[PDB]
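Peer 1: I am attaching a structure below and will ask some questions about it afterwards.
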Amino acid sequence: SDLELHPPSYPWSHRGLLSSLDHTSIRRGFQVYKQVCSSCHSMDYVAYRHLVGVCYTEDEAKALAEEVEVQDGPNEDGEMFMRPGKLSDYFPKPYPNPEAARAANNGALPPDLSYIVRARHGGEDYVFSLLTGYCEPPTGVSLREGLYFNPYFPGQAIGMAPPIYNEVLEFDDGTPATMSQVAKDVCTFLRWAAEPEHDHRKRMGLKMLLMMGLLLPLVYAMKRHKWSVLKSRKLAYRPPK
Amino acid sequence: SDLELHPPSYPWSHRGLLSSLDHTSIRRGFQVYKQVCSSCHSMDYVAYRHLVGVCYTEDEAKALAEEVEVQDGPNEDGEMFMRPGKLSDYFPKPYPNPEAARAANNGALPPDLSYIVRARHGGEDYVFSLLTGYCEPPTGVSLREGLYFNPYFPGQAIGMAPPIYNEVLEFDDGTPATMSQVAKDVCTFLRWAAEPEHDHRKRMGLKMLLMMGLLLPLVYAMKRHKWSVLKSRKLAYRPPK
Amino acid sequence: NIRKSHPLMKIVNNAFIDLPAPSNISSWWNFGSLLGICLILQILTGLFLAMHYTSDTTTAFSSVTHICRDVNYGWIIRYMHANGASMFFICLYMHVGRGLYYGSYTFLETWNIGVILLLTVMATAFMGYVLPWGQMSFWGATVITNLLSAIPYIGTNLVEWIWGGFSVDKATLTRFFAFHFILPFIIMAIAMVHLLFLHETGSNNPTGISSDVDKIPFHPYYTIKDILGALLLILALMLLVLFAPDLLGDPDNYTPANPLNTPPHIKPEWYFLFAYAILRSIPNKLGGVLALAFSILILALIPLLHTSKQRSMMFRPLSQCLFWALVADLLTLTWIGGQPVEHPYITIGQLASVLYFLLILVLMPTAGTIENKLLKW
Amino acid sequence: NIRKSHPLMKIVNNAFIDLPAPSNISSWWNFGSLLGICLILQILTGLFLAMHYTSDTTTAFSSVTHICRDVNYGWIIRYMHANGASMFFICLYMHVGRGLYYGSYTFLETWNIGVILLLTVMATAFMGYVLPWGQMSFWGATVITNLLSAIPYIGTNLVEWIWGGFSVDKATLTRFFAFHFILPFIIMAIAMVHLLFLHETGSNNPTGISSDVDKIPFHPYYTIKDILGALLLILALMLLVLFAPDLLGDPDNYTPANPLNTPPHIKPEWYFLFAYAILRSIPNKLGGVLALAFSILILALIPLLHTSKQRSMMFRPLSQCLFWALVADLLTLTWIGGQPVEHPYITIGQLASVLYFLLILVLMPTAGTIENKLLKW
Amino acid sequence: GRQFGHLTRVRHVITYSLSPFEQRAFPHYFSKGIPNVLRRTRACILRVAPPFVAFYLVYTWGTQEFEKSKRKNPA
Amino acid sequence: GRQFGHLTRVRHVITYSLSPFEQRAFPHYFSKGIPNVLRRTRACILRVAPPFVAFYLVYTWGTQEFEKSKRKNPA
Ligand SMILES: CCCCCCCCCCCCCCCCCC(=O)OC[C@H](COP(=O)(O)OCCN)OC(=O)CCCCCCCCCCCCC
Ligand SMILES: CCCCCCCCCCCCCCCCCC(=O)OC[C@H](COP(=O)(O)OCCN)OC(=O)CCCCCCCCCCCCC
Ligand code: HEC
Ligand code: HEC
Ligand code: HEM
Ligand code: HEM
Ligand code: HEM
Ligand code: HEM
Ligand SMILES: CSC1=N[C@@](C)(c2ccccc2)C(=O)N1Nc1ccccc1
Ligand SMILES: CSC1=N[C@@](C)(c2ccccc2)C(=O)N1Nc1ccccc1
Ligand SMILES: [Cl-]
Ligand SMILES: [Cl-]
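Given below as structure tokens:
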């Protein structure tokens with residue numbers, strides 16, 4: 001029941017109606033999630049195979065899956081065991097359940113991020129503004145220990161410490177890992193995570209507009225063609241006198 | 001692809017069309033399952049509460065559930081833990097999965113018993129004959145170590161050692177725990193486990209027969225009543241000459 | 003001629019080909035067939051979703067996800083079905099508004115079962131929105147089902163009997179999926195009785211005057227206009243599917259259902275917001291529920307409120323203005339319904355709520371009596 | 003009189019009340035309405051099962067268990083639905099046999115869509131038996147779906163396209179449940195077209211002679227006989243439900259599906275055993291499948307094989323004997339179908355298989371030509 | 001459809017009928033009923049029974065062979 | 001239902017019609033079309049616009065009040 005400040009609209013390169021995602025920024029954004037976010041945030045609905053042909057090759061994505069160990073089994077003795085990930089595995093969860101998560105994060109629950117952009121008003125505008133929007137509390141607000149001031153979060157008191165900062169990681173293509181850079185890349189990746197169909201739907205949308213621009217006047221012309229018999233008909237009344 | 005010997009028909013007291021189960025024998029049969037069978041055989045579809053008002057009181061069945069420990073959780077720290085059973089718990093599984101079961105039973109899988117009477121031709125006649133039908137192998141059959149001769153089992157070689165014998169348990173009501181007694185009681189319980197609706201369906205069946213014995217001749221009488229106009233009609237042909 | 007004598011093609015002929023129709027019915031008469039198309043789309047997209055959806059709380063949220071990510075072209079099927087439902091309600095509300103403005107309600111049998119067709123679609127889309135099992139799905143399902151607890155004496159029994167428990171849970175999601183599957187076929191059956199009674203008289207037209215002196219065959223004139231209209235219906239749908247799929251959907255529904263806390267502000271889909279406003283306009287439980295029922299069942303008694311010696315509003319300016327004050331008033335109640343119960347939205351919601359019932363029950367009936375006297379009859 | 007002029011009650015009147023019917027139709031004409039009743043029962047028991055059943059392999063077996071143990075009176079609903087399906091096939095086979103013996107197939111339109119009504123019911127009960135996901139459900143589903151792999155060139159593509167994978171798995175169980183839900187409504191629609199074409203002519207009767215000289219109204223004479231028949235239909239069902247529910251069901255279906263090993267001997271439900279026998283009677287893949295299709299599609303070309311100048315077999319002793327040799331022959335093929343492919347059941351299955359097609363295609367057509375010449379015309 | 005009054009043409013045929021409340025719904029149910037059932041079965045038994053007896057003989061022979069075909073012989 | 005030839009009675013009315021292949025489907029589409037749209041909107045604007053302007057004024061006032069009603073005052 002506090003005052004709200006809504007995020008402005010940043011000019012993402014995928015904002016326009018026909019504008020695709022930038023897949024190099026996705027690639028960088030996955031690197032942010034893996035190294036920084038995945039230790040607190042799950043992504044229960046994304047698997048390594050989804051990366052293939054979007055931002056990594058099959059060989060690259062396979063090598064990426066094998067960099068972590070996942071549980072499998074039972075074997076012939078009835079025991080569970082660990083093996084390296086394969087393309088079919090979903091991204092490892094950091095905690096077995098949310099109760100462990102609250103205990104590891106001063107009682108707060110980092111939500112799953114698979115859909116985070118779609119489950120909050122403002123999408124990447126909100127997330128970009130949140131990550132890059134931390135500041136000292138205004139005069140008269142004193143937050144309990146464990147909590148951090150962030151003016152874009154409802155109530156302005158969030159249980160997540162600022163998770164990104166200059167040089168948290170180095171990008172593979174040499175791009176300077178500035179806070180704003182890291183925010184932009186991770187936000188583009190999170191859009192893709194929530195809406196992998198983004199680019200394909202816009203390509204279809206273009207084809208739908210072009211076909212409609214053809215079919216609407218042609219079907220209109222067929223309507224007018226048949227109806228012209230009636231629209232130009234003339235009547236006369238000739239009663240006997 | 002061996003020769004088969006099918007079980008004879010024993011005169012169970014629930015064999016007749018209108019004949020209910022003997023609930024004292026059910027009660028004894030549960031005691032056989034708990035003490036002898038439950039260490040190798042699961043019953044994934046029966047819970048302690050199903051016993052209430054059939055063969056144990058609510059207080060008795062509650063005390064029975066608390067005699068075992070079951071897993072529950074998570075608690076507020078995210079850890080799983082053990083507590084005593086309650087009425088809502090299903091009967092504990094002896095193994096977490098079938099792979100552990102084969103390893104603990106020389107490679108064979110004791111099936112779940114919730115439906116055993118319905119998943120094999122001959123029902124309790126088969127099970128009664130199997131348990132009580134072990135004997136020395138005939139001349140010329142030599143079974144590999146680990147396997148036991150039983151002429152009612154397909155192939156005559158079963159991976160289950162004879163599980164019941166004189167005095168495996170003592171019954172609460174003093175009944176002599178003879179092999180045949182134990183077989184009869186456990187078989188009655190297993191019928192109940194597979195078909196708890198047994199008694200209620202026969203009570204309904206009796207009401208259905210009585211109502212039909214009334215309604216069939218009355219509805220027949222209404223048919224004949226209306227149709228009598230036609231069945232006794234007389235025709236005459238009087239053409240002009 | 004076989005088109006006129008084959009017992010099967012006879013019924014098709016007398017309904018789509020040689021059926022006499024007025025020569026002057028405008029685009030507002032296109033929405034009857036667009037409702038049929040909308041229904042067909044919701045059958046087909048609905049059916050192909052039901053081949054990949056699972057009906058239990060543990061994986062109901064995940065099975066919808068599984069469609070939008072893993073099955074070929076299931077995300078487009080799913081948004082067609084979601085936005086198809088909203089297009090269905092656009093067409094429904096134009097269909098009804100056409101009937102009121104031009105006086106088509108005088109076809110009592112056709113109209114009175116049309117009301118039934120409205121209720122069953124609402125009941126369908128209600129039990130459809132529960133299935134993805136998001137937050138809005140769960141608590142929107144909670145607010146609605148508890149409306150029956152307001153009935154005196156038997157209230158709680160009907161709710162817990164509907165629930166199959168003590169709250170909306172696994173047992174509700176399963177039966178609601180069963181109901182959502184079967185109701186759209188009942189709808190199609192009643193829509194066929196809708197047409198049967200309609201053909202008894204034929205269509206009204208913009209003037210309210212009998213068109214027997216000047217009819218044209220339905221084919222080719224209205225077959226092609228219904229095609230053109232449908233092509234504009236596909237356009238509306240595909241713009242929503244392919245350029246704005248989450249415009250009408252609420253973000254909160256993208257978080258799995260949590261039976262322990264609500265969102266700070268819940269809002270129905272747009273097509274129910276006007277009625278939710280009427281519910282909240284009363285600080286009484288049973289009062290709010292009855293005002294909600296009569297909000298829709300008011301349609302059943304429109305024909306009893308017709309006072310004009312003319313049928314259509316085309317020649318009734320004073321009724322036109324009161325008609326558009328009702329659309330604006332309904333557009334007002336939609337706005338309140340999407341806003342939190344706070345000042346001044348509360349008092350606005352009550353004034354617009356009275357104006358709704360005041361127009362239908364008082365101002366429009368007497369407005370027709372005036373203009374009769376202005377015309378000396 | 004409103005019963006004759008209300009546009010809705012008019013269609014009821016001309017179908018159940020004032021419809022002229024022959025005065026002499028026997029109990030073999032009762033099975034038309036019992037099929038309708040059977041359908042209604044399978045809708046209702048089916049619907050109330052779908053409110054507690056879940057459609058995924060992990061808990062599909064367990065949800066049916068959950069019905070028979072935990073939900074109030076769900077075990078009786080479930081056996082009604084299982085045995086109701088078998089009663090459906092009893093009535094189907096009497097219905098067809100009535101049509102053949104008494105020559106009702108000369109109603110081509112009614113008959114030829116009747117064949118369609120047979121296929122769709124088989125397709126329904128097939129996709130119903132898969133849902134509990136027992137052993138017989140799984141491997142019976144495997145044998146059937148692989149019949150399409152016999153089609154040259156496009157075989158494997160249609161199977162894997164039906165499967166949604168490389169074998170019957172989670173994706174099939176979900177769509178099969180969707181198909182099993184929707185098909186019984188399509189059936190009801192086609193059953194309505196069944197009656198529409200029927201009323202074009204009215205009923206045949208035991209004699210094969212026109213009954214126009216002596217008709218009686220359907221009400222009260224055949225309304226009460228259809229009630230009495232239905233009461234005997236409930237008796238048959240309830241004896242199976244309440245005294246022998248697992249008589250027709252196979253025990254193997256009470257073990258969850260295992261995609262790794264089969265049972266040593268699999269047998270369909272009784273109502274498909276005659277056709278399974280025909281399939282196995284041929285040591286060829288594509289040959290067995292085609293012989294299976296023509297086994298049922300033989301009905302479509304019965305009307306082309308009518309040679310008698312009389313319509314019914316009531317006055318044709320030589321056709322009567324060949325008719326009952328077909329019932330016994332079909333009863334033979336049912337027995338083989340329930341037995342393992344071993345000596346002498348194999349060779350018996352082939353002789354009974356030829357006798358089936360030999361009777362319909364040769365012996366019965368020529369038998370009608372003989373008795374025409376015995377009667378000098 | 002078809003209606004009463006448009007079916008066919010009939011002339012010179014008289015029908016006498018009695019009310020259903022004036023007569024008995026089961027008149028001579030066993031007196032005349034059983035002899036009629038005997039006539040009806042007698043008239044059709046030779047056309048129905050043989051093929052089902054033929055089935056019975058094949059059914060017993062086929063099972064009798066199969067039930068013992070898997071017995072062992074000394075060779 | 002209703003059929004052509006049983007609708008109503010008409011006398012002394014002549015209808016001239018031209019084939020659709022002899023005439024233009026878009027004749028004077030903008031020449032005569034736009035002035036007709038202006039006449040049609042002019043004739044109805046006073047009956048439709050006021051209630052929706054009335055809604056617009058309530059909509060801006062209500063949000064303007066609410067958007068600032070939760071601001072703080074010095075007291
Ligand atoms: C219960 C559901 C509530 C849900 C809330 C929905 C939000 C409402 C958003 C408002 C959208 C309005 C659509 C645009 C309407 C423009 C109409 C116009 O341009 O022309 C007025 C026309 C006059 O034309 P005449 O027929 O009199 O004669 C013509 C002579 N050349 O007269 C006509 O054409 C009028 C025909 C009827 C119009 C249908 C719109 C009404 C929609 C809701 C009605 C529900 C009432 C219960
Ligand atoms: C394709 C499916 C295969 C599935 C296999 C099913 C297993 C078969 C089990 C056999 C059950 C047989 C039912 C009992 C029939 C007894 C008939 C009898 O008692 O009377 C013969 C009767 C003669 O009477 P009329 O009509 O000539 O004149 C009467 C003058 N008082 O004449 C009539 O009443 C005959 C009317 C028709 C009888 C219907 C039975 C046929 C069932 C399958 C036919 C499928 C063919 C494709
Ligand atoms: C990659 C750098 C990260 C992004 C992007 C986000 N985080 Fe976190 N996070 C953490 C906790 C304990 C919470 C719960 C806070 C609360 O409920 O009060 C969160 C929550 C979020 C949210 C939700 C915001 C909202 O609900 O409106 C977002 C959008 C989010 N986080 C983005 C903890 C951690 C953490 C542990 C050290 C890390 C490394 C990250 N978060 C990383 C990211
Ligand atoms: C209560 C005394 C018991 C009853 C009743 C049954 N058993 Fe057992 N069982 C065990 C194994 C290792 C197997 C698998 C054997 C194989 O697959 O070859 C079984 C199996 C059964 C069966 C299935 C018979 C069939 O498939 O036809 C039945 C009906 C059965 N058992 C009845 C092992 C054990 C065991 C471990 C020491 C005990 C205590 C029991 N079984 C007890 C019972
Ligand atoms: C699934 C729901 C519905 C379908 C498929 C449907 C379909 C149709 C169709 C095709 C027509 C004739 C063509 C036309 O006028 O557009 C029609 C007419 C009509 N409908 Fe509906 N309708 C539905 C719901 C309703 C509702 C909700 C109402 C009113 C509350 C209603 C009342 C009427 C009336 C009065 C007419 C006659 C209009 C006239 O001929 O002037 N119907 N409907
Ligand atoms: C007039 C007819 C129908 C309407 C208005 C309608 C409407 C809806 C709506 C609004 C949703 C919510 C979608 C979402 O929030 O994601 C939904 C979901 C669903 N509908 Fe329907 N529906 C109709 C018919 C059908 C039919 C006939 C079927 C199946 C045979 C069906 C199957 C489903 C399924 C499985 C879902 C859950 C998947 C999902 O949420 O997308 N629907 N429906
Ligand atoms: C769901 C499936 C079906 C339903 C509900 C149904 C229902 C009916 C009904 C009510 C009648 C009129 C009353 C009677 O004669 O009993 C009838 C007649 C008829 N049916 Fe069906 N039937 C079905 C399937 C079939 C099949 C499988 C066939 C043939 C292969 C068939 C062929 C016929 C014929 C030829 C008649 C005319 C009988 C006569 O009037 O003498 N129908 N059906
Ligand atoms: C002519 C119509 C129908 C026939 C012949 C039919 C037949 C069957 C059969 C033979 C089974 C297997 C039962 C078992 O093995 O346990 C079954 C299962 C099932 N049927 Fe149907 N059915 C029909 C209509 C319906 C309808 C309309 C629905 C739902 C709206 C439905 C829902 C179900 C469900 C949920 C199951 C799985 C539960 C179970 O196995 O008992 N059925 N059906
Ligand atoms: C079941 S959640 C739901 N179903 C809808 C689509 C619906 C409700 C009533 C009638 C038709 C459709 C709707 O708007 N909501 N949301 C919602 C939010 C808050 C309160 C009530 C419903
Ligand atoms: C899908 S398992 C199955 N469905 C049935 C009910 C069916 C099959 C075909 C047509 C209608 C109904 C049937 O008999 N079986 N069993 C079975 C066993 C072995 C081989 C084939 C089927
Ligand atoms: Cl979702
Ligand atoms: Cl089961």
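Protein chains in written order, with the authors' numbering: chain D, 1 to 241; chain D', 1 to 241; chain C, 3 to 379; chain C', 3 to 379; chain G, 1 to 75; chain G', 1 to 75. A prime marks a further copy of an entry chain.
In this text, a Cβ means the ideal position worked out from N, Cα and C, and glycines have one as well.
(1) For the beta strand (DSSP E) that contains residue 14 (chain G'), what are its first and last residues?
(2) Around the C-beta of residue 58 (chain D), are 16 or more other C-beta atoms found within 10 angstroms, so that it is buried, or is it exposed?
(3) Within 7 Å: the Cβ of residue 131 (chain C') and any heavy atom of ligand 8?
(4) Between the stretch 165-182 of chain C' and the stretch 120-133 of chain C', can you find at least three pairs of beta-carbon atoms closer than 8 Å?
(5) Among D:224, D:240, D:78 and D:27, whose alpha-carbon lies nearest the alpha-carbon of residue 103 (chain D')?
(6) Along chain C', in chain order, which residues have C-beta atoms closer than 7 Å to that of residue 305 (chain C)?
(7) Is there at least one non-hydrogen atom of ligand 8 closer than 7 Å to the beta-carbon of residue 201 (chain D)?
(8) May I ask whether a heavy atom of ligand 7 can be found less than 7 Å away from the beta carbon of residue 65 (chain C)?
(9) Would you kindly work out how many angstroms separate the C-alpha atoms of residue 204 (chain D) and residue 361 (chain C), rounded to a whole number?
(10) Looking only at its chain, what residues have a beta carbon closer than 6 Å to the beta carbon of residue 355 (chain C), apart from the 5 residues adjacent to it on each side?
(11) Taking 7 Å as the cut-off, is the C-beta of residue 161 (chain D) nearer than that to any heavy atom in ligand 3?
(12) Residue 15 (chain D) touches chain C at which residues, Cβ-Cβ below 7 Å?
(13) Contact criterion: CB-CB distance below 8 Å. Does residue 78 (chain D) meet it with respect to chain C?
(14) Comparing alpha-carbon positions, which option in C':167, C':218 and C':196 lies nearest residue 97 (chain C')?
(15) Using a Cβ cut-off of 7 Å, pull out every chain D residue sitting near residue 69 (chain G'), in sequence order please.
(16) Scan the stretch 114-126 of chain D' for residues whose Cβ lies nearer than 9 Å to a Cβ of chain G and list them as they occur along the chain.
(17) Identify whether residue 136 (chain C') lies in helix, strand or coil by the three-state DSSP scheme.
(18) Taking a Cβ distance cut-off of 8 Å, strictly less, list which residues of the stretch 14-34 of chain C are near chain G', in chain order.
(19) Residue 45 (chain G') versus chain D: which residues are under 9 Å apart at the beta carbon?
(20) Does the beta-carbon distance from residue 55 (chain C') to residue 243 (chain C') come in below 8 Å?
(21) Would you tell me roughly how many angstroms separate the C-alpha atoms of residue 140 (chain C) and residue 174 (chain C), rounded to the nearest one?
Peer 2: In brief:
(1) Judged by DSSP secondary structure, residue 14 (chain G') falls within the beta strand (DSSP E) whose first and last residues are 13-16.
(2) exposed
(3) yes
(4) Yes, the stretch 120-133 of chain C' touches the stretch 165-182 of chain C'.
(5) D:78
(6) Per Cβ cutoff of 7 Å: no residues; residue 305 (chain C) is ~18 Å from chain C' at best.
(7) no
(8) For ligand 7, not one heavy atom lies less than 7 Å from the Cβ of residue 65 (chain C).
(9) 46 Å
(10) 280 and 283
(11) yes
(12) Within 7 Å Cβ-Cβ: nothing; residue 15 (chain D) doesn't reach chain C, min ~12 Å.
(13) no
(14) C':196
(15) The premise fails here: residue 69 (chain G') is roughly 12 Å from chain D at the closest Cβ pair, so nothing lies under 7 Å.
(16) Per Cβ criterion, the list is empty.
(17) strand
(18) 16, 20, 21 and 22
(19) What residue 45 (chain G') touches in chain D: nothing, since even the nearest Cβ is about 26 Å away.
(20) no
(21) Whole-angstrom Cα-Cα distance: 10 Å.
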